[PDB]
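Trainee: generate a structure from the sequence data that follows.
(one chain, ligands or ions: 1)
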Amino acid sequence: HXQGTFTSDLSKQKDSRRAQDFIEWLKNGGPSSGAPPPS
Ligand SMILES: *C(=O)CC[C@H](NC(=O)CCCCCCCCCCCCCCC)C(=O)O
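Mentor: Numbering: from 1, shown residues only. Okay, here it is:
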């Protein structure tokens, strides 16, 4: 009861992770990394 937008309150956590993972991949190298992207 209370709270709302449950899928968003999970999405922010998956986005912090996926975004930090994607920023890691770009920071680390991006297409130049060679590692496929976190996807
Ligand atoms: C949010 O989406 C977190 C998970 C996400 N992974 C993926 O998107 C890939 C698919 C993961 C499927 C996991 C299914 C687990 C089923 C239950 C297993 C119970 C037994 C386990 C025994 C060891 C991510 O980004 O990490």
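Trainee: any idea how far the most centrally placed residue in the chain lies from residue 11?
Mentor: Centroid-nearest residue in the chain, with C-alpha atoms, centre = their mean: residue 18, separated by 1.3 Å. Per C-beta to C-beta, to the nearest Å, residue 18 is found 9 Å from residue 11. All C-beta atoms are positioned from the backbone trio N, CA, C, and that covers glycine.
Trainee: would you map the strands across the chain?
Mentor: In the chain, no strands are defined using DSSP state E.
Trainee: all helices of it, in order?
Mentor: Taking DSSP state H, the helices of the chain run over residues 6-28.
Trainee: next, residue 34: phi, psi?
Mentor: Main-chain torsions, residue 34, degrees, to the nearest 10: phi 90, psi -40.
Trainee: what's the local residue count around it?
Mentor: Residue 34: 7 surrounding residues under other C-beta atoms under 10 Å.
Trainee: ok, now which ones touch it?
Mentor: By C-beta atoms under 8 Å, 6 or more residues apart in numbering, the contact set of residue 34 is empty.
Trainee: now for the closest residue in space to the residue nearest to the centre of the chain that isn't next to it in sequence: which residues touch it?
Mentor: Distance criterion C-beta to C-beta, 6 or more residues apart in numbering; nearest residue to residue 18, sequence neighbours excluded, is residue 38 at 6.6 Å. Neighbouring residues of residue 38 by C-beta under 8 Å, 6+ apart: 18, 21-22, 24-25.
Trainee: from residue 4, how far out is the nearest residue to residue 28 once chain neighbours are set aside?
Mentor: Nearest non-adjacent residue to residue 28, counting by C-beta to C-beta, 6+ apart: residue 35, 7.5 Å away. Separation of residue 35 from residue 4 (C-beta to C-beta) stands at 37 Å.
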